[PDB]
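# my complex, first installment, coordinates as in the assembly:
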Amino acid sequence: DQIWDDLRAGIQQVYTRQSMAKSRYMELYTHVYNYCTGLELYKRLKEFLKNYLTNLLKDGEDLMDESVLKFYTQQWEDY
């Protein structure tokens, strides 16, 4: 909870299509290992995922057939 801000934006970085070096991946793994060595994190991650899906649905509610299948495909691939 103390370093809750740390890695916060990182949760979005994986979702956004942007290139990231292996150094950042090592740093995130090190932070996760340090934090692990505590069930509130699971609930927080679940709530964040639910909020992200709700935000995605908010935009994906005004498209008809033949124009939403591709969008759903790319969104599923990214998820």
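Great, that's in hand. Numbers count the residues shown, from 1 in each chain, chains lettered A, B, ... in the order given.

# Need phi/psi at residue A:18.
phi -140, psi 140 (degrees, to the nearest 10).

# need the helices for chain A, in chain order.
Ranges of helices within chain A are A:8-15, A:22-36, A:40-59, A:69-78, based on DSSP state H.

# what about the last one, distance to the chain center?
Which is helix A:69-78. 15 Å (C-alpha atoms, centre = their mean, to the nearest Å).

# Just the buried residues of it, please?
When neighbours are counted by 16 or more other C-beta atoms under 10 Å, no buried residue of helix A:69-78 is found. To be clear about C-beta, it is placed using only N, CA and C from the backbone, and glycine gets the same treatment.

# Can I get it in PDB? Just the C-alpha atoms.
The C-alpha trace of helix A:69-78 is given here as PDB (Å, rounded to 0.1, in the frame of the first residue of the first chain):
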ATOM      1  CA  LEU A  69     -16.500  -7.300 -34.900                       C
ATOM      2  CA  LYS A  70     -13.000  -6.100 -35.800                       C
ATOM      3  CA  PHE A  71     -12.900  -3.800 -32.800                       C
ATOM      4  CA  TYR A  72     -13.900  -6.600 -30.500                       C
ATOM      5  CA  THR A  73     -11.200  -8.800 -32.100                       C
ATOM      6  CA  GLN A  74      -8.400  -6.400 -31.500                       C
ATOM      7  CA  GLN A  75      -9.700  -5.600 -27.900                       C
ATOM      8  CA  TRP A  76      -9.800  -9.300 -27.100                       C
ATOM      9  CA  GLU A  77      -6.300  -9.800 -28.500                       C
ATOM     10  CA  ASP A  78      -4.900  -6.900 -26.400                       C
END
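
# now that helix against helix A:8-15, angle please.
Counting by axes from the mean of the first three to the mean of the last three C-alpha atoms, to 10 degrees, helix A:69-78 lies at 120 degrees to helix A:8-15.

# ok, and what's touching helix A:69-78?
A:15, A:17, A:56, A:60, A:63 (C-beta atoms under 8 Å, 6 or more residues apart in numbering).

# same thing but 7 Å
Contact partners of helix A:69-78, identified using C-beta atoms under 7 Å, 6 or more residues apart in numbering, comprise A:15, A:56, A:60, A:63.

# ok, how many other residues are close to the third one?
Translated: residue A:60. 13 (other C-beta atoms under 10 Å).

# And the second one, by the same measure?
Counted with other C-beta under 10 Å, the neighbours of residue A:56 add up to 15.

# For residue A:31, see how far away it is.
27 Å (C-beta to C-beta, to the nearest Å).

# for residue A:25, what are its contacts?
Here residue A:25 is in contact with no residue (C-beta under 7 Å, 6+ apart).

# gap between it and residue A:13?
10 Å.

# cool, and residue A:30?
16 Å.

# and chain B on top of that:
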Amino acid sequence: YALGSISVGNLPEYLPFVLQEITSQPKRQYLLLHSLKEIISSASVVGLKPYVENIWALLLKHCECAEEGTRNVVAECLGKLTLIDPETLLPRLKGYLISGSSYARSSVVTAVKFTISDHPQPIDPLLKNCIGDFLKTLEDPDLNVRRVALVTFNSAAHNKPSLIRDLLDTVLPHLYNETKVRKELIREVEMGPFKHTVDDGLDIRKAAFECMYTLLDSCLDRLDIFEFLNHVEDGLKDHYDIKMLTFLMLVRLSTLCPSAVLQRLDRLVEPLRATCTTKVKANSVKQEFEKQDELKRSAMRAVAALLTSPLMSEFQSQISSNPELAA
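Alright, chain B goes in next:
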């Protein structure tokens, strides 16, 4: 649909209303356009003669739109409207191809795609003469133009293959060239041990393979076999969907010209054996395991169909339990 049907009743009082309403609101035209699609398919042609220039101008103005669905709708509307008075529109469509933009060219080629019908139509000779330059000299410059041209060619072959009967050889080199893979159009992003490759040109390859498969109906007597199976041999090692499509092609080819298939079975199966000798990547989700399993089953089915001795006896301890599941 109700609005479109009602517009047919009193064209002078309804058609202009919807025409101006389309331009009035941008958040509703997407529906209104659909209604217009009914008018051309429901309204009397003789009564529709006066209201043609306005519709054509509106479609051309709305042809270049950011929304892909709107572009499809306008393309279908233009294709449906092209049926009437072809002698007055065909030269204009030909002219637009001399200096039109990529989006305009894509829209116009998509419009004529729907003009083809299984039953005879009075636009038979006109379309036969017009499709020449559309199919021949419109696959070089662009990627989207190439994809739409290939889709139109496949649709024509599936519905009416007589139009591409006298010019099949004139377009064979371009179709064969389009099958080659391009490594400039393959982007990759890596952020750790995992890897994911995204291809921006895979759509064209699938269309080309589908066209090649559908060309087997009543065109094998003309196209040569040796120059045709080399590209298939190259494409055996390709994407999963293309791999299954090629396997099904090979299965279908078992009953057709078996001599040619037997004369090269060795090199046809060598890539297939190499693929079958593949192992699932360690520490992978069950989806990859299942995908490779279906690929292996499809490969076994393909080889079994082809069989009906380049080291064909390779039944190890595990693979020996697979065939009873396939047969």
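
# quick recheck of the contacts of residue A:25 now chain B is there?
B:191-192 (C-beta atoms under 7 Å, 6 or more residues apart in numbering or on different chains).

# now with 6 Å?
Neighbouring residues of residue A:25 by C-beta atoms under 6 Å, 6 or more residues apart in numbering or on different chains: residue B:192.

# quick one, phi psi at residue B:198?
Here residue B:198 shows phi and psi, under degrees, to the nearest 10, equal to phi -110, psi 130.

# That one: neighbour count?
Residues lying near residue B:198 (other C-beta atoms under 10 Å in any protein chain shown) number 12.

# Check whether it really touches residue B:189, as I assumed.
No - counting by C-beta atoms under 6 Å, residue B:198 sits too far from residue B:189 to count as a contact (7.5 Å).

# Please name the residues that touch the residue in chain B that chain A sits nearest to.
Nearest residue of chain B to chain A, counting by C-beta to the nearest C-beta: residue B:69, 4.1 Å away. Residue B:69 is in contact with residue A:67, counting by C-beta under 6 Å, 6+ apart.

# That one belongs to a helix?
Yes - when DSSP: H, G, I helix; E, B strand; the rest coil is applied, residue B:69 is found to be in a helix.

# Could you say which helix or strand holds residue B:58?
If you go by DSSP states H and E, residue B:58 is part of helix B:53-63.

# wait, I meant residue B:33
Going by DSSP H and E, residue B:33 is in helix B:29-42.

# Those residues of the stretch 151-300 of chain B touching chain A, which are they?
Proximity of the stretch 151-300 of chain B to chain A (C-beta under 6 Å from any C-beta of the partner chain) is limited to residues B:189, B:191-192.

# Around chain B, which positions in chain A sit nearby?
Within chain A, the residues that sit near chain B (C-beta under 6 Å from any C-beta) are A:19-20, A:25, A:67.

# go again using 7 Å as the cut-off
Neighbours of chain B within chain A, by C-beta under 7 Å from any C-beta of the partner chain: A:19-20, A:22, A:25, A:66-67.

# what distance separates stretch B:7-19 from the centre of its chain?
36 Å.

# How about residues contacting that stretch?
Under the contact criterion C-beta under 7 Å, 6+ apart, stretch B:7-19 has outside partners B:6, B:32, B:35-36, B:39, B:42-43, B:47, B:51, B:54, B:58.

# Neighbour-wise, which one of these leads?
residue B:36 (26 neighbours).

# What sits closest to it if chain neighbours are left out?
Nearest residue to residue B:36, sequence neighbours excluded (C-beta to C-beta, 6 or more residues apart in numbering or on different chains): residue B:77, at 6.0 Å.

# Which strand or helix spans the one you found?
helix B:68-81.

# Pull out the buried positions in that helix.
B:69-81 (16 or more other C-beta atoms under 10 Å in any protein chain shown).

# For residue B:130, state which of those is nearest.
residue B:79 (13.3 Å; C-beta to C-beta).
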